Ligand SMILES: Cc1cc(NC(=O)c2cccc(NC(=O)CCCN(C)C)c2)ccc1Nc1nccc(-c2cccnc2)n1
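First, one chain by itself in structure tokens, the form deposited without the named molecule.
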């Protein structure tokens, strides 16, 4: 029924339908292999959870990923294709394998490429749709970035994971956030495509913070009040940072067509707002005239998704196929 392949120092015991495994990842989550699906006849991604339950900490994350991956369903989000265990019983239950869609690359390089407004605004359109579905499911990523967004040669895009320089101020700082926390990231990723390099490069969360302020300008006093005592002192001790105009930050020397270059800037001007309360929302971003051209209600507004005890919960989740 199953078979075993040795990849690195771990043993991948998976369904015989999957072959040509090759490790393409290895983080906290676990090990990810690229593999050929002989039944669907397509390339998939097999993820073997690392220590599913070797501590109440891991189990909840494992239970977290499984449940979400199940209900969550959109084209602009990594699609689940299978979840299986090589173990015959709950007693022996030890490994969790999640098969998902396999994409061609993330936006780490395509961002430093040359995209026309079509490809530019389209990829972004698709980000907004996936992020919105995530949101309409109570999931607020908070950690979107180039290596987080995956794409295909046919110009389609998807969000890789449900998350938790591209972080929003609310996040860099110990502040509370809302759903538009992810618009900042979109604002960052969009801007980096036009620039060609990371918008706000910070050697550390403090420097990072300085780059942004110096660039966009210091926020209004109403925001400063909403700041922790210690950090508020820090900002009030620096020179007056007025930021620059988006025409200076984003000069026409980067855009190809008079209307579209201005629109992309106007949009950037509403996503890169320090004060989260004056920052554009996804719905508004999807309606913006630079993004709205690809708008489709079926995409942009698709209906929402939905101890030793953790071993059973997970197992039960996995056994529901």
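Numbering follows the first chain given and starts at 1.
Separately, the form deposited with the named molecule bound exists; it is not shown, and the next lines address it.
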Even though the named molecule is not shown here, does residue 130 get within 4.5 Å of it in the deposited bound form, heavy atoms only? no
Residue 166 versus the named molecule, in the deposited bound form: is there a non-hydrogen atom within 4.5 Å? yes
Is residue 109 part of the interface with the named molecule in the deposited bound form - any heavy atom within 4.5 Å? yes
For residue 307, is any heavy atom within 4.5 Å of the named molecule in the deposited bound form, or not? no
Only one of these stretches, 213 to 221, 85 to 93, 145 to 153, 241 to 249, has heavy atoms within 4.5 Å of the named molecule in the deposited bound form; which one is it? 145 to 153
Of the options 68, 254, 268, 32, which one has a non-hydrogen atom that comes within 4.5 Å of the named molecule in the deposited bound form? 32
Which pick from 45, 264, 274, 286 sits with a heavy atom within 4.5 Å of the named molecule in the deposited bound form? 45
When the named molecule is considered in the deposited bound form, the residues of 101 to 133 having a heavy atom within 4.5 Å of it are 101, 102, 103, 104, 105, 106, 108, 109
